[PDB]
Amino acid sequence: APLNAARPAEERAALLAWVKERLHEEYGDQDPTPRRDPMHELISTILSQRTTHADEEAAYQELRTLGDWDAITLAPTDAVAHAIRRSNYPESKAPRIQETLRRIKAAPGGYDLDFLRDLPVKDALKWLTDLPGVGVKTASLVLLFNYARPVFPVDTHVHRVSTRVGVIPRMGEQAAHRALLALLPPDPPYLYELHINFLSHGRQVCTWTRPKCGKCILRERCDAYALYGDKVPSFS
Ligand code: SF4
Ligand SMILES: [Mg+2]
Ligand SMILES: [Mg+2]
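Residue numbers (this note's numbering): 24 to 259.
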């Protein structure tokens, strides 16, 4: 009885489809994601590095007391750094923020990302990942949620559950974006549902340490449980 992670890609694709339907039954349309507008998501992402969620939100709102995006680009960089002093390493984040705001404005439209809607997906991804402090996960999240493009964001919860089950073998988070999207239909609502139900599952059941496999609807087809039973180790 071979592990899932060794099976042909067409079999691991069918497995991920079975996972998708079981997780939909458990969580329906619960949505734990912040669901921000694009500009807010990008800047929050930059602020979030090595920073708690509470610290991130406070730093963002404090940033916005400096004014609209125009004033923030024009503000002295020391003034920005002081505004975001609740987040970690404010001095290094202050200019990544201004850089990104400057590049956004220069693009067609104002402080808007609506031009991305009409670009080829690969090009749209690249434009976003080129932005300072923006990774492939946030780039994918913005494109899927805000502009309904067929890309699939892989956060720590999606990575952990899909690797434990054995949909993919062990690999880095960025490579897992390529690998998991290759197993999925180009269907944005389908991708969104799968993303958020993974989030709910990783938070409530398939946790970082001591997962609750006895309460898990995926148990009978999970590689990690087959290997370790009740003693699945912590994910890394
Ligand atoms: S059986 Fe355990 S390790 Fe496997 S997906 Fe469920 S909670 Fe995670
Ligand atoms: Mg613009
Ligand atoms: Mg980048």
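Virtual Cβ for every residue (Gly too), placed ideally from N, Cα, C.
For review: beta carbons within less than 5 angstroms of any heavy atom in ligand 2: Residues with a Cβ closer than 5 angstroms to any heavy atom of ligand 2, in chain order: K128, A130, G132.
Find out if the Cβ-Cβ distance for the pair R45, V190 is shorter than 7 angstroms. Taking 7 angstroms as the Cβ cut-off, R45 and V190 do not qualify as a contacting pair.
Using a threshold of 6 angstroms, is the CB atom of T152 nearer than that to any non-hydrogen atom of ligand 3? Correct: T152 has its Cβ closer than 6 angstroms to ligand 3.
Sequence-distant residues of its chain with Cβ nearer than 6 angstroms to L154 (five each side left out): For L154, where only same-chain residues beyond five positions count, the Cβ hits under 6 angstroms are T123.
When the Cα of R30 is compared with those of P192, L204, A162, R242, which residue comes out closest? With distances taken between Cα atoms, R30 lies closest to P192.
In whole angstroms, what separates the C-alpha of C245 from that of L26? The straight-line gap from Cα to Cα measures roughly 9 angstroms.
Checking 7 angstroms against the spacing of the C-beta atoms, do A117 and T96 come in under that value? No. Outside cutoff.
Quick check on the burial criterion: 16 or more other C-beta atoms within 10 angstroms. Buried or exposed for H180? Buried, by the Cβ-count rule.
For ligand 1, which residues have a Cβ under 7 angstroms from at least one heavy atom, in chain order? For ligand 1, the residues with a Cβ under 7 angstroms from any of its heavy atoms are, in chain order, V184, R187, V188, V228, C229, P234, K235, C236, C239, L241, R242, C245, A247, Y248, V255.
Cβ neighbour criterion (16 or more within 10 Å) applied to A37: Flag for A37 reads exposed.
State yes or no: is the C-beta of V177 nearer than 6 angstroms to some heavy atom of ligand 3? No; taking the cut-off as 6 angstroms, the Cβ of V177 has no heavy atom of ligand 3 nearer than that.
Length of the line joining the Cα atoms of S185 and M194: About 11 angstroms.
Under a three-way DSSP split, which group does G132 fall into? Reduced to three states, the DSSP call for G132 is coil.
Under the three-state DSSP convention, the category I191 falls into: Coil at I191, not helix or strand.
Are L70 and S110 touching if we call contact CB-CB under 7 angstroms? Against a cut-off of 7 angstroms, the Cβ pair of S110 and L70 comes out as a contact.
Nearer than 6 angstroms: is that true of the beta carbon of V157 relative to any heavy atom of ligand 3? Within the cutoff, so yes.
If I follow the unbroken alpha helix (DSSP H) through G225, where does it start and stop? 211-227 is the extent of the alpha helix (DSSP H) around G225.
Do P234 and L136 have their C-beta atoms closer together than 7 angstroms? By the CB criterion at 7 angstroms, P234 and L136 fall outside the cutoff.
Can you give the Cα-Cα distance for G158 and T152, rounded to whole angstroms? Straight-line Cα distance between these residues: approximately 5 angstroms.
By Cβ distance below 6 angstroms, which residues in the same chain neighbour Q197 in space, the five residues on each side in sequence not counted? Cβ neighbours of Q197 beyond the five flanking positions: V159.
Measuring alpha carbon to alpha carbon, tell me which of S115, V103, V228, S67 ends up nearest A162. Nearest option by C-alpha distance: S67.
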